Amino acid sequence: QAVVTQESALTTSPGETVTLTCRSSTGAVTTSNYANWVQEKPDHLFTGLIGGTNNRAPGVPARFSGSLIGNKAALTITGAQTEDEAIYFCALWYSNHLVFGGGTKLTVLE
């Protein structure tokens, strides 16, 4: 069955660039996986940041970008701010349903 893997967390500083990755256990992530990155904030607040690999939701700066690197899907964050400190889950599409990674938690110092 489909298991999604991502980093359990990444740390950083405001202004840096951090890439988060997402791999499938059934093969290469591909466009038909329509990789989504939904931001989660304390008290279970979930927000779709990017979808269809590279598509930004409304109200999302293009500092956030997504892509496919080799066989992994990636979410890159540029000019990291403090407000970005959050969990970044990867949700992949397998034909008719959604499979979620465990969520990569990104920290700033501060």
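Residue numbers run from 1 along the displayed sequence.
- For the segment pair 27-35 and 80-88, the entry gives 80-88 the higher mean B-factor, averaged over Cα atoms.
- As the entry records it, the average C-alpha temperature factor is higher for 38-46, out of 69-77 and 38-46.
- In the PDB entry, a CA B factor belonging to the middle third of its chain's modelled residues is recorded for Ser95.
- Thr21 sits in the middle third of its chain by CA B factor, as recorded in the PDB entry.
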